[PDB]
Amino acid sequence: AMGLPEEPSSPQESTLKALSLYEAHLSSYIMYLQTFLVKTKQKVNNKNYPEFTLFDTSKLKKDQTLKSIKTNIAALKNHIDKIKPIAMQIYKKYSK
């Protein structure tokens, strides 16, 4: 792999298993980006380092219903919209 991984693609199919797997990839992609941001702060720690929020897993529904899975997917996508642009800028700044 070169560079940051790409955001997981939405499934064509809205089956419980397509959406459950999509939810798992999105959670995993967030933890990749957050880890990358935390590790890169540690190495280059000038006060300028941009601020980010860590994902609050208490916003995730713990039941396994196609409705609560769809709601989790929305919450993870909203979080990615916050941190992806920051992760991509920190990657470029420090791969310079």
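Start at 1 with the first residue shown and count on from there.
Taking the mean C-alpha B-factor of each stretch as recorded, 13-21 and 76-84 are not equal, and the higher mean is that of 13-21.
Comparing 85-93 with 4-12, the stretch with the higher mean C-alpha B-factor in the PDB entry is 4-12. Across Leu33, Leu60, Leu66, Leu26, the entry's maximum B-factor at the CA atom is seen for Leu66.
Per the PDB record, residue ranking by Cα B-factor puts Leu54 in the middle third of the chain.
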